[PDB]
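Asker: Compact mmCIF, C-alpha atoms (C1' of nucleotides), saved as query_37.txt, coming up:
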```
# COMPACT_ATOMS: atom_id res chain seq x y z
CA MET D 1 -33.25 49.86 -64.58
CA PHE D 2 -30.41 51.77 -62.94
CA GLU D 3 -27.96 54.28 -64.45
CA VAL D 4 -25.05 52.51 -66.12
CA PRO D 5 -21.52 53.45 -65.08
CA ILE D 6 -19.88 53.27 -68.48
CA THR D 7 -19.55 55.98 -71.16
CA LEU D 8 -22.97 56.00 -72.71
CA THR D 9 -22.42 55.16 -76.38
CA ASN D 10 -21.05 56.04 -79.81
CA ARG D 11 -23.91 55.63 -82.02
CA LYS D 12 -26.86 57.56 -83.42
CA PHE D 13 -27.32 59.69 -80.31
CA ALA D 14 -24.88 62.28 -81.60
CA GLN D 15 -26.86 62.83 -84.82
CA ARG D 16 -30.04 63.02 -82.73
CA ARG D 17 -28.54 65.70 -80.48
CA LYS D 18 -27.47 67.42 -83.74
CA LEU D 19 -31.02 67.52 -85.10
CA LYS D 20 -32.27 68.58 -81.68
CA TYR D 21 -30.01 71.49 -80.94
CA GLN D 22 -29.91 72.65 -84.58
CA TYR D 23 -33.71 72.90 -84.67
CA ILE D 24 -33.64 74.44 -81.18
CA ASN D 25 -31.38 77.17 -82.50
CA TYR D 26 -33.49 77.86 -85.58
CA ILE D 27 -36.63 78.31 -83.45
CA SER D 28 -34.95 80.44 -80.77
CA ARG D 29 -33.26 82.53 -83.46
CA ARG D 30 -36.54 83.33 -85.17
CA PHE D 31 -38.06 83.89 -81.74
CA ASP D 32 -35.65 86.69 -80.79
CA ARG D 33 -36.12 87.83 -84.39
CA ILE D 34 -39.82 88.33 -83.69
CA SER D 35 -39.25 89.73 -80.18
CA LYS D 36 -37.17 92.55 -81.67
CA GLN D 74 -21.75 70.46 -85.77
CA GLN D 75 -20.56 69.50 -82.30
CA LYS D 76 -19.76 73.22 -82.04
CA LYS D 77 -23.29 74.38 -82.89
CA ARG D 78 -24.51 72.09 -80.13
CA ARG D 79 -21.70 73.55 -77.99
CA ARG D 80 -22.56 77.23 -78.28
CA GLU D 81 -26.23 76.22 -78.06
CA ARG D 82 -25.94 74.33 -74.77
CA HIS D 83 -23.37 76.96 -73.80
CA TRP D 84 -25.02 80.35 -73.38
CA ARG D 85 -26.87 79.33 -70.17
CA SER D 86 -25.93 79.20 -66.48
CA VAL D 87 -24.09 75.91 -66.60
CA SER D 137 -30.71 73.52 -36.74
CA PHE D 138 -28.40 71.63 -39.06
CA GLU D 139 -25.62 72.24 -41.54
CA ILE D 140 -27.56 72.94 -44.77
CA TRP D 141 -25.76 74.41 -47.79
CA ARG D 142 -28.78 76.73 -47.95
CA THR D 143 -30.07 77.54 -51.45
CA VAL D 144 -30.54 80.97 -53.07
CA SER D 145 -34.15 81.97 -52.38
CA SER D 146 -36.52 84.41 -54.13
CA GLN D 147 -36.46 88.07 -53.13
CA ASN D 148 -34.50 90.37 -55.45
CA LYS D 149 -35.52 88.32 -58.49
CA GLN D 150 -37.83 89.37 -61.26
CA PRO D 151 -41.33 90.44 -62.46
CA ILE D 152 -44.25 88.95 -64.33
CA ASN D 153 -44.83 88.23 -68.02
CA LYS D 154 -48.13 88.09 -69.91
CA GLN D 155 -49.04 85.85 -72.86
CA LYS D 156 -46.50 85.57 -75.64
CA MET D 157 -47.79 82.72 -77.69
CA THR D 158 -51.13 82.20 -79.38
CA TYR D 159 -51.62 79.31 -81.78
CA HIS D 160 -51.56 81.40 -84.97
CA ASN D 161 -48.44 83.13 -83.64
CA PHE D 162 -46.53 80.08 -82.46
CA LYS D 163 -47.06 78.35 -85.81
CA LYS D 164 -45.47 81.49 -87.26
CA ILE D 165 -42.20 80.82 -85.42
CA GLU D 166 -42.53 77.08 -86.08
CA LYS D 167 -43.20 77.01 -89.82
CA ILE D 168 -39.84 78.00 -91.31
CA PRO D 169 -37.19 76.34 -89.08
CA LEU D 170 -39.05 73.03 -89.40
CA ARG D 171 -38.25 73.18 -93.12
CA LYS D 172 -34.58 74.04 -92.84
CA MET D 173 -34.73 70.97 -90.65
CA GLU D 174 -36.28 69.26 -93.64
CA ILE D 175 -32.84 69.49 -95.31
CA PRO D 176 -30.41 67.56 -93.03
CA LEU D 177 -33.22 65.36 -91.81
CA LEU D 178 -32.78 64.08 -95.34
CA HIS D 179 -29.33 62.81 -94.33
CA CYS D 180 -30.02 61.31 -90.90
CA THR D 181 -31.56 57.89 -90.58
CA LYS D 182 -35.21 56.86 -90.67
CA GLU D 183 -35.40 56.17 -86.92
CA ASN D 184 -33.97 59.62 -86.31
CA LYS D 185 -36.25 61.28 -88.86
CA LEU D 186 -39.12 59.93 -86.75
CA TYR D 187 -37.33 60.76 -83.53
CA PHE D 188 -36.89 64.40 -84.52
CA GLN D 189 -40.46 64.42 -85.86
CA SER D 190 -41.86 63.35 -82.51
CA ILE D 191 -39.65 65.38 -80.22
CA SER D 192 -40.74 68.29 -82.43
CA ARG D 193 -44.42 67.47 -82.07
CA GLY D 194 -43.55 67.62 -78.38
CA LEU D 195 -43.82 63.90 -77.77
CA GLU D 196 -41.18 62.32 -75.51
CA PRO D 197 -39.54 58.97 -76.26
CA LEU D 198 -40.31 55.95 -74.13
CA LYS D 199 -37.16 54.04 -74.94
CA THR D 200 -33.95 55.12 -73.19
CA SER D 201 -30.45 55.43 -74.56
CA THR D 202 -29.67 52.35 -72.44
CA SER D 203 -32.87 50.58 -73.54
CA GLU D 204 -31.99 50.87 -77.20
CA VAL D 205 -28.23 50.31 -77.05
CA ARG D 206 -28.27 46.61 -77.84
CA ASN D 207 -25.84 43.41 -77.35
CA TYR D 208 -24.36 40.35 -75.61
CA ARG D 209 -21.68 42.19 -73.64
CA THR D 210 -23.52 45.28 -72.47
CA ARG D 211 -26.63 43.42 -71.37
CA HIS D 212 -24.29 41.27 -69.33
CA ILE D 213 -22.66 44.31 -67.75
CA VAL D 214 -26.19 45.56 -67.05
CA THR D 215 -26.98 42.43 -65.08
CA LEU D 216 -23.58 42.50 -63.33
CA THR D 217 -24.07 46.07 -62.13
CA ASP D 218 -27.70 45.42 -61.16
CA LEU D 219 -26.61 42.53 -58.98
CA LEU D 220 -24.05 44.90 -57.51
CA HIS D 221 -26.59 47.56 -56.56
CA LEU D 222 -29.00 44.91 -55.30
CA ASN D 223 -26.52 43.02 -53.14
CA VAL D 224 -25.35 46.32 -51.66
CA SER D 225 -28.94 47.23 -50.86
CA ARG D 226 -29.24 43.84 -49.17
CA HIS D 227 -26.18 44.23 -46.87
CA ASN D 228 -24.81 41.13 -48.66
CA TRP D 229 -21.32 42.66 -48.56
CA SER D 230 -19.55 39.44 -49.56
CA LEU D 231 -21.32 38.77 -52.86
CA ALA D 232 -21.49 42.51 -53.48
CA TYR D 233 -17.70 42.62 -53.19
CA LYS D 234 -17.32 39.77 -55.69
CA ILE D 235 -19.61 41.74 -58.00
CA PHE D 236 -17.65 44.99 -57.72
CA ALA D 237 -14.39 43.14 -58.42
CA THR D 238 -15.63 41.40 -61.57
CA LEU D 239 -17.18 44.71 -62.64
CA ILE D 240 -14.08 46.92 -62.41
CA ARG D 241 -12.20 43.99 -63.99
CA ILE D 242 -14.23 44.66 -67.15
CA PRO D 243 -12.56 46.97 -69.67
CA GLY D 244 -15.54 49.27 -69.89
CA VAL D 245 -16.47 50.51 -66.44
CA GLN D 246 -15.22 53.89 -65.39
CA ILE D 247 -14.79 54.38 -61.64
CA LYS D 248 -18.12 56.18 -61.28
CA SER D 249 -19.05 53.43 -58.80
CA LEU D 250 -16.67 54.41 -55.99
CA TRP D 251 -19.20 54.94 -53.13
CA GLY D 252 -19.80 51.38 -54.29
CA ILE D 253 -16.56 50.48 -52.48
CA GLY D 254 -16.44 53.48 -50.07
CA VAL D 255 -19.44 51.88 -48.35
CA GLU D 256 -18.86 48.33 -49.60
CA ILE D 257 -15.26 47.79 -48.50
CA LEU D 258 -16.35 49.87 -45.48
CA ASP D 259 -18.73 47.25 -44.09
CA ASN D 260 -16.11 44.66 -45.12
CA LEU D 261 -13.57 44.81 -42.31
CA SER D 262 -12.73 41.24 -43.32
CA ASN D 263 -9.68 40.90 -45.54
CA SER D 264 -8.89 43.89 -47.74
CA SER D 265 -7.24 47.28 -47.28
CA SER D 266 -10.25 49.48 -47.46
CA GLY D 267 -12.27 52.60 -46.75
CA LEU D 268 -9.68 55.29 -46.31
CA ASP D 269 -7.39 53.20 -48.56
CA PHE D 270 -9.81 53.63 -51.45
CA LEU D 271 -10.80 57.18 -50.51
CA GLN D 272 -7.36 58.79 -50.29
CA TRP D 273 -6.34 56.63 -53.26
CA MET D 274 -9.09 58.20 -55.41
CA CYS D 275 -8.00 61.60 -54.18
CA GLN D 276 -4.31 61.13 -54.91
CA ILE D 277 -4.90 59.70 -58.40
CA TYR D 278 -7.64 62.08 -59.61
CA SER D 279 -6.35 65.42 -58.31
CA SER D 280 -4.36 66.61 -61.35
CA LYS D 281 -4.09 66.59 -65.15
CA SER D 282 -1.92 63.45 -64.89
CA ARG D 291 -17.38 67.71 -72.49
CA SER D 292 -20.19 65.36 -71.43
CA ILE D 293 -20.10 61.96 -69.63
CA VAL D 294 -19.33 63.60 -66.27
CA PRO D 295 -19.26 64.99 -63.00
CA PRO D 296 -20.55 66.01 -59.61
CA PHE D 297 -19.46 62.66 -58.05
CA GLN D 298 -16.43 62.31 -60.32
CA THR D 299 -14.33 65.22 -61.58
CA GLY D 300 -10.88 66.66 -62.23
CA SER D 301 -8.91 69.64 -60.97
CA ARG D 302 -9.32 73.45 -61.11
CA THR D 303 -12.79 73.30 -59.50
CA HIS D 304 -14.22 71.18 -56.88
CA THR D 305 -14.48 67.50 -56.56
CA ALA D 306 -17.13 66.35 -54.03
CA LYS D 307 -16.63 62.62 -53.72
CA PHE D 308 -13.08 61.57 -52.97
CA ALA D 309 -11.98 64.93 -51.49
CA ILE D 310 -14.56 65.63 -48.81
CA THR D 311 -15.15 61.94 -48.13
CA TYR D 312 -11.61 61.03 -47.11
CA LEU D 313 -11.29 64.57 -45.71
CA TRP D 314 -13.91 64.02 -43.06
CA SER D 315 -13.59 60.24 -42.74
CA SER D 316 -10.01 60.65 -41.52
CA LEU D 317 -11.29 63.04 -38.83
CA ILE D 318 -13.68 60.18 -37.98
CA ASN D 319 -10.60 57.96 -37.75
CA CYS D 320 -9.68 60.48 -35.06
CA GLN D 321 -13.00 60.10 -33.30
CA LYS D 322 -11.47 56.62 -33.22
CA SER D 323 -8.96 58.22 -30.85
CA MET D 324 -11.05 59.64 -27.99
CA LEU D 345 -3.19 61.70 -36.68
CA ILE D 346 -4.76 65.21 -36.47
CA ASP D 347 -1.67 67.34 -37.12
CA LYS D 348 -1.07 65.04 -40.12
CA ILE D 349 -4.61 65.51 -41.49
CA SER D 350 -4.16 69.26 -40.97
CA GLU D 351 -0.66 69.38 -42.43
CA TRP D 352 -1.82 67.80 -45.69
CA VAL D 353 -5.16 69.50 -45.38
CA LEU D 354 -2.70 72.39 -44.88
CA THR D 355 -1.42 71.87 -48.34
CA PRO D 356 -4.05 73.82 -50.20
CA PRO D 357 -4.68 75.56 -52.64
CA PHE D 358 -7.76 75.10 -54.20
CA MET D 359 -8.32 77.20 -51.01
CA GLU D 360 -11.76 78.30 -52.10
CA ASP D 361 -12.90 74.93 -50.77
CA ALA D 362 -14.55 76.75 -47.87
CA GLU D 363 -16.00 73.51 -46.55
CA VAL D 364 -12.44 72.26 -46.29
CA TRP D 365 -11.81 75.41 -44.28
CA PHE D 366 -14.42 74.03 -41.89
CA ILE D 367 -12.65 70.65 -41.98
CA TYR D 368 -9.54 72.52 -40.89
CA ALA D 369 -11.35 74.31 -38.05
CA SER D 370 -12.68 70.90 -37.02
CA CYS D 371 -9.12 69.53 -36.88
CA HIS D 372 -8.36 72.35 -34.45
CA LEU D 373 -11.40 71.74 -32.24
CA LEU D 374 -10.42 68.08 -32.04
CA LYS D 375 -6.79 68.88 -31.18
CA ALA D 376 -8.22 71.17 -28.48
CA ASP D 377 -10.41 68.21 -27.35
CA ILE D 401 -1.31 74.71 -22.12
CA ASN D 402 -0.59 77.85 -24.12
CA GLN D 403 -0.26 75.25 -26.90
CA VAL D 404 -3.97 74.45 -26.50
CA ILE D 405 -4.45 78.22 -26.55
CA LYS D 406 -2.83 78.49 -29.98
CA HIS D 407 -5.08 75.62 -31.16
CA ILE D 408 -8.21 77.50 -30.06
CA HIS D 409 -6.95 80.80 -31.47
CA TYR D 410 -6.36 78.66 -34.56
CA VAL D 411 -9.92 77.33 -34.91
CA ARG D 412 -11.21 80.85 -34.27
CA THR D 413 -9.21 81.94 -37.34
CA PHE D 414 -10.28 79.27 -39.84
CA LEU D 415 -13.98 79.51 -38.98
CA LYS D 416 -14.12 83.05 -40.38
CA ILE D 417 -11.61 82.58 -43.18
CA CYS D 418 -14.36 80.03 -43.93
CA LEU D 419 -16.75 82.88 -43.66
CA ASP D 420 -15.00 83.02 -47.01
CA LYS D 421 -18.52 81.96 -47.84
CA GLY D 422 -19.86 78.40 -48.02
CA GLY D 423 -22.29 78.56 -45.08
CA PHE D 424 -22.09 76.36 -41.98
CA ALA D 425 -22.38 75.76 -38.30
CA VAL D 426 -25.51 77.67 -37.28
CA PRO D 427 -24.31 80.05 -34.80
CA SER D 428 -20.59 79.86 -34.83
CA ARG D 429 -21.58 80.97 -31.31
CA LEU D 430 -22.26 77.28 -30.69
CA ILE D 431 -18.76 76.42 -31.90
CA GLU D 432 -17.70 79.35 -29.71
CA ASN D 433 -19.69 78.36 -26.64
CA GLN D 434 -17.79 75.10 -27.03
CA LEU D 435 -14.62 77.14 -27.42
CA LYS D 436 -15.48 78.78 -24.05
CA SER D 437 -16.06 75.42 -22.37
CA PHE D 438 -12.51 75.04 -23.66
CA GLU D 439 -11.55 78.53 -22.44
CA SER D 440 -12.21 77.29 -18.90
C1' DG S 1 -24.59 52.14 -96.70
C1' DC S 2 -23.66 52.08 -91.84
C1' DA S 3 -20.73 51.11 -87.82
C1' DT S 4 -16.24 50.60 -85.68
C1' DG S 5 -11.78 52.78 -84.89
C1' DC S 6 -8.58 56.21 -84.14
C1' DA S 7 -6.51 60.33 -85.97
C1' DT S 8 -7.23 65.17 -86.74
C1' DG S 9 -8.57 69.50 -84.53
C1' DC S 10 -9.08 72.69 -80.75
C1' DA S 11 -7.34 74.88 -76.59
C1' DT S 12 -4.94 75.98 -72.11
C1' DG S 13 0.35 76.85 -70.15
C1' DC S 14 5.06 75.76 -71.12
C1' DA S 15 9.56 75.67 -73.35
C1' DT S 16 12.66 76.62 -77.20
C1' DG S 17 14.43 80.32 -80.05
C1' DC S 18 15.67 84.82 -81.67
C1' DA S 19 15.91 89.92 -81.37
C1' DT S 20 17.31 94.22 -78.44
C1' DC S 21 44.90 108.44 -53.80
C1' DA S 22 47.12 111.11 -56.88
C1' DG S 23 48.91 113.36 -60.70
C1' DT S 24 48.88 116.48 -64.30
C1' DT S 25 45.19 118.38 -66.73
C1' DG S 26 42.83 123.77 -68.51
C1' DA S 27 39.01 127.62 -67.82
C1' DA S 28 37.76 132.10 -65.49
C1' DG S 29 37.69 136.15 -63.58
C1' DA S 30 40.62 139.71 -61.32
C1' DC S 31 44.41 143.19 -62.22
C1' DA S 32 48.19 146.44 -64.34
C1' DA S 33 50.26 149.53 -68.77
```
What would you get if you wrote out this structure as structure tokens?
Answerer:
Amino acid sequence: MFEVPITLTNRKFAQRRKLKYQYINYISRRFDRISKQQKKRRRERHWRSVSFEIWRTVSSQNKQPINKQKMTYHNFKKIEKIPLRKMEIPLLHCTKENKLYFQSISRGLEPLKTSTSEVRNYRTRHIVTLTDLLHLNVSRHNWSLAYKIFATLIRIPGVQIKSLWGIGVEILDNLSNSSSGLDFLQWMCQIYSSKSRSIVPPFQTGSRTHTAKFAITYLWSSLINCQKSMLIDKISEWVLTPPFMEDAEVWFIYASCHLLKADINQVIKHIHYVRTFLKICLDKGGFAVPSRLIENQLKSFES
DNA sequence: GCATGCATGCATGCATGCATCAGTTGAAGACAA
């Protein structure tokens, strides 16, 4: 009853997405008309926008104005009537289950089986139980079992590493026996930071644009390994090998490295330093409500 | 006929290939019959 961490499937689901986005396109085409293939799905899904430290959202103010009824019954069924037929052609080539699937999604029903629910089979149902027991044991603070789970999981030739916070917290409350925590974190980062589609990202990703998980997690957690102090110039040397260098938040990680080094003219240059990266992190992002707090601290330093 | 496998295609940089101090030297304007 939880998301699976393996690449969803082969099967039907492609032909279903076919039917879906093909029909979508026929209706939206005739709709702009009246208002006046993996690739068809691709263009289709394509032309569309793809007191505390909140990445504040973009709120409503310069946005738009009001609309007034577009769509009576007699006029919707206009736009519906033709594309449904063109659909009657390749519907003739997809399978019965997907005839009825398209039929119902087109009546506006919504399925009550899931892609997981219907992908039957010895092996996957076993993985499903394995991963469940993982997520359960981790909820239970049963770090030992949990760990056993995780290990037998990743042993299996199907699981992609989308279960890393799995370890990153698991191996984290497991001081016991294994290289851990930062080990995993900076490992993830080093491996998946270069070149060396669906079924993806925010908490996994590749290069050229940003990479939540591994990056920021080791990138603060090492600074927490320096709250273990009271290391830094290392974290800021290899933090100081950008660029993605639009990673503004990592600009704030850098400025944090300088406020922690600051804790004689050396300490000056470290406070000068943090003063610089805070605004080069006015790049944009959006942190630290008043930087005048950071700066009141920097004046407690200036003493 | 339908499902598994894996090879073809497509697309962003990169790498191979192929074309694009000192001497004699003359020339120019002033000057005499």
Asker: Name the residues in contact with residue 407 (chain D) at a cut-off of 12 Å, using only C-alpha atoms (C1' of nucleotides), excluding same-chain residues fewer than 2 positions from it; report them as a CSV table (one decimal) with C-alpha atoms, in the coordinates of the input.
Answerer:
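Below you can see part05.csv, which holds the result:
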```csv
chain,number,residue,atom,x,y,z
D,346,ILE,CA,-4.8,65.2,-36.5
D,347,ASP,CA,-1.7,67.3,-37.1
D,350,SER,CA,-4.2,69.3,-41.0
D,368,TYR,CA,-9.5,72.5,-40.9
D,369,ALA,CA,-11.4,74.3,-38.0
D,370,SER,CA,-12.7,70.9,-37.0
D,371,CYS,CA,-9.1,69.5,-36.9
D,372,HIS,CA,-8.4,72.4,-34.4
D,373,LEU,CA,-11.4,71.7,-32.2
D,374,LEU,CA,-10.4,68.1,-32.0
D,375,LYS,CA,-6.8,68.9,-31.2
D,376,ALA,CA,-8.2,71.2,-28.5
D,377,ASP,CA,-10.4,68.2,-27.4
D,401,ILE,CA,-1.3,74.7,-22.1
D,402,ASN,CA,-0.6,77.8,-24.1
D,403,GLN,CA,-0.3,75.2,-26.9
D,404,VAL,CA,-4.0,74.4,-26.5
D,405,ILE,CA,-4.4,78.2,-26.6
D,409,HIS,CA,-7.0,80.8,-31.5
D,410,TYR,CA,-6.4,78.7,-34.6
D,411,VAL,CA,-9.9,77.3,-34.9
D,412,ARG,CA,-11.2,80.8,-34.3
D,413,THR,CA,-9.2,81.9,-37.3
D,414,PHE,CA,-10.3,79.3,-39.8
D,435,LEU,CA,-14.6,77.1,-27.4
D,438,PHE,CA,-12.5,75.0,-23.7
D,439,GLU,CA,-11.6,78.5,-22.4
```
Asker: By how many Å are CA of residue 149 (chain D) and CA of residue 83 (chain D) apart?
Answerer: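 CA of residue 83 (chain D) lies 22.6 Å from CA of residue 149 (chain D).
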Asker: Can you measure CA of residue 349 (chain D) to CA of residue 273 (chain D) for me? One decimal in Å is fine.
Answerer: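 Here the two named atoms are 14.8 Å from each other.
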Asker: What is the distance between CA of residue 9 (chain D) and CA of residue 235 (chain D), in Å to one decimal?
Answerer: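 Between these atoms lies a distance of 22.9 Å.
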Asker: What are the closest atom pairs, with distances in Å to one decimal, for each residue of chain D lying within 10 Å of chain S, using all atoms listed in the file, rows by chain and rising residue number, as a Markdown table?
Answerer:
```
| residue | atom | partner | partner_atom | distance |
| --- | --- | --- | --- | --- |
| D:10 | CA | S:4 | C1' | 9.3 |
| D:11 | CA | S:3 | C1' | 8.0 |
| D:12 | CA | S:3 | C1' | 9.9 |
| D:181 | CA | S:2 | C1' | 9.9 |
```
Asker: Using only C-alpha atoms (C1' of nucleotides) and a cutoff of 10 Å, can you tell me which residues are near (-16.5, 72.3, -52.5) in the file's coordinates, and write them out as a PyMOL selection string?
Answerer: chain D and resi 303-307+309-310+358-365+422
Asker: As JSON, what would the box around region 21-32 of chain S look like: edges along x, y and z, 5 Å added on every side, centre and edge lengths in Å to one decimal?
Answerer:
```
{"center_x": 43.3, "center_y": 127.4, "center_z": -61.2, "size_x": 21.2, "size_y": 48.0, "size_z": 24.7}
```
Asker: So which residues are close to (-38.2, 80.9, -84.4), meaning at most 9 Å away in the file's coordinates with all atoms listed in the file counted, and can you show them as JSON, numbers by chain?
Answerer: {"D": [24, 25, 26, 27, 28, 29, 30, 31, 32, 33, 34, 162, 164, 165, 166, 167, 168, 169]}
Asker: Here is a test: counting all atoms listed in the file, which residue of D:35, D:139, D:177, D:281 is nearest to residue 12 (chain S)?
Answerer: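 Closest residue, counting all atoms listed in the file: D:281.
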Asker: Please provide the set of residues having any atom within 10 Å of residue 237 (chain D), restricted to only C-alpha atoms (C1' of nucleotides), with same-chain residues fewer than 6 positions apart removed, written as a PyMOL selection string.
Answerer: chain D and resi 220+231+253
Asker: Select, from D:367, D:271, D:157, D:257, the residue with the minimum atom-to-atom distance to residue 354 (chain D), counting all atoms listed in the file.
Answerer: D:367
Asker: Write out as number ranges by chain which residues come within 12 Å of residue 227 (chain D) when counting only C-alpha atoms (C1' of nucleotides), dropping same-chain ones fewer than 2 positions away.
Answerer: D: 220-225, 229-233, 255-260
